[PDB]
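Read the structure below first, then the notes.
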């Protein structure tokens, strides 16, 4: 199913979405370079507990259109606004993973929380990943992120292999918490995304969200793995909790960045306990 | 890389240019007696902000050909037009520094703004530097500029030393805002320029741009250092602002003429804020 969010030359920009179940609506917003299907272990658990699950594919990923324009968080939050207004959702829960935590913060900051009951940030970008003079808590200087963009442009197909090794901590988890076949599915999903979006998306990861955080005025959950090699917990979740001290905060011991699949039981228990409040 | 703009006797007149990055095109036009490389601190900030940066060396300067013809702003604006048409730039921003502010005004006036989104004038010449009866705000009479031409023809190499002393306010900035080595690099760039252009360029500085100013019909930024010894702020920017009151106007306190290097942070902050609007 599709929702039109804009136009590119002679074409429309359409996002693929699904809408399943009945109950309070929970909108799940995926990370790079996957799609809304990457939440399948959470979606199954939310359906089993009586929630309505809405997933959608960010522009440039999964089955959504592949424009070469709009790779920035104001556009991504405007796309999310169009989805919520089109479905006319009320009392909704927004759940972001990795890049998806940027949509949650910028949407709440720019559009407010009239339709939102709770938010949850899993494997968060916040507050601001760049290590700069005014942000000594950042994870790395800009040249580090510039190097990832350059690796994607060089050969995105080979880039994804190396990327998924550190996304899932395959040296620790292949054969126990993730199979070779589930990694192959992730690679196929990545390769189906648009070439321009693959290289443009990492430029948005170091967006500054520090002015968005004070606008979060609904109950929130911050959850992160302590073995996350992509977004180190010391520069993201631990400092984000200091900026949003009313949030419930969970560290999942030893989990990698790709913890929706490897540590689905740990994530699902924490997520459902939060949604029950 | 080169773009051909004309013919001199048996040779073509080619301008050196570079084209880096991706996004909205920003064309940077340098001052005397330097080259496109003098914008390196601005170029680095614009590439990091996600713009496409185009620089070129004016005829007779840098790595461009060194003809003994065409040192006048109608030709200089025609050279710029060839660059814009050759690359097919659209929605472009024109940024001029010192002499470069003459190309921006004359180009917009003569050719119009079909290809141009915004313009920026740093350390401007405008509106008319010559002190005359109909222009009491001018900075000096013709005999002063005739003196500069004579001094360059007497020994341009020694002339550059004195010129850079006052271009950078080295009595105050040497060793803190500019290194001896950065001044040495400017002197080598000046000495690599053509001997004819070095003495012909000063005659163009007092061109009258008063009839060009009313044709600027896109958003404009005017920026000038208050310590500019080369182009006195009271005879340039302060009178230019009165003639184009809709422009964003920025005075950088204590900065000299060569403020692209000595006050790069202040210049870059103002320029990126202007481009983001």
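Protein chains in written order, with the entry's author numbering: chain B, 1 to 277; chain A, 1 to 277.
C-beta: ideal position from N, C-alpha, C; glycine also.
Comparing C-alpha distances from residue 23(A) to each of 110(A), 72(A), 50(A) and 215(A) shows the shortest one belongs to 50(A).
Around the CB of residue 184(B), fewer than 16 other CB atoms lie within 10 Å, so the residue is classed as exposed.
Counting only residues of its own chain and dropping the five nearest sequence neighbours on each side, residue 266(B) has a CB closer than 6 Å to the CB of 252. For the pair residue 96(A) and residue 103(A), the CB atoms are nearer than the 8 Å cut-off. Measuring C-alpha to C-alpha distances from residue 106(B) to each of 221(B), 215(B) and 202(B) identifies 215(B) as the nearest. Note on geometry: alpha-carbon atoms of residue 34(B) and residue 194(B) lie some 11 Å from one another.
Under the three-state reduction of DSSP, residue 133(A) is assigned to coil, being neither helix nor strand. Of the candidates 162(B), 52(B), 204(B) and 203(B), the residue whose Cα lies closest to the Cα of residue 190(B) is 162(B). Residue 203(B) and residue 66(A) have their alpha carbons spaced roughly 41 Å apart. Residue 264(B) is positioned such that its CB atom lies closer than 8 Å to that of residue 41(B). Spanning the alpha carbons of residue 138(A) and residue 125(A) requires a straight line of approximately 10 Å. Taken in chain order, the whole beta strand (DSSP E) runs of length 3 or more contained in the region 19–46 of chain B are 25–29. Residue 254(B) carries a coil assignment under DSSP once its states are collapsed to helix, strand and coil.
For residue 75(B), same chain residues with a beta-carbon under 7 Å away, outside a window of 5 residues either side, do not exist. Per DSSP, the unbroken alpha helix (DSSP H) holding residue 106(B) starts and ends at 100–111. Per DSSP, reduced to three states, the secondary structure at residue 144(A) is helical.
Residue 118(A): member of the beta strand (DSSP E) spanning 116–122, first to last residue.
Taking the Cα positions, residue 243(B) is about 40 Å away from residue 246(A). DSSP, read as helix, strand or coil, puts residue 213(A) in helix. Judged by DSSP in its simplified three-state form, residue 126(A) adopts coil rather than helix or strand. Taking 8 Å as the cut-off, the beta carbon of residue 229(A) is found no closer than this to the beta carbon of residue 133(A).
Unbroken alpha helix (DSSP H) runs of no fewer than 4 residues, entirely contained in the region 218–272 of chain B, are found at 237–243 and 259–262, following chain order. The beta carbon of residue 82(B) sits closer than 6 Å to the beta carbons of 5 from its chain, once the five residues preceding and following it are set aside; these are given in chain order. With respect to residue 92(A), residue 84(A) sits close: the two C-beta atoms are nearer than 8 Å.
Here residue 169(B) is buried: its Cβ has 16 or more other Cβ atoms, across all protein chains shown, within 10 Å. When the alpha-carbon of residue 142(B) is set against those of 135(B), 131(B), 72(B) and 80(B), the nearest one is in 131(B). Taking 8 Å as the upper bound for CB-CB distance, residue 186(A) and residue 164(A) are in contact here, some 6 Å apart. Annotation for residue 79(A): 5, 15 and 59 place their beta carbon closer than 7 Å to its own, counting only its chain and skipping 5 residues before and after.
For residue 17(B) and residue 47(A), the gap between their C-alpha atoms comes out near 35 Å. In this structure, the CA atom of residue 64(A) is about 13 Å from the CA atom of residue 29(A). Counting along the chain, residue 96(A) sits inside the beta strand (DSSP E) bounded by residues 92–97.
Shortest Cα-Cα distance from residue 36(B) to any of 268(B), 269(B) and 260(B) involves 260(B).
Between residue 140(B) and residue 237(B), the alpha-carbon positions lie close to 15 Å from each other. Going by beta carbons, residue 128(B) and residue 208(B) fall inside the 8 Å limit. Following the DSSP letters along the chain, one finds residue 56(B) inside the beta strand (DSSP E) bounded by residues 52–56. Here residue 200(B) has 71 as same chain residues with Cβ atoms under 6 Å from its own Cβ, once five neighbours each way along the sequence are excluded.
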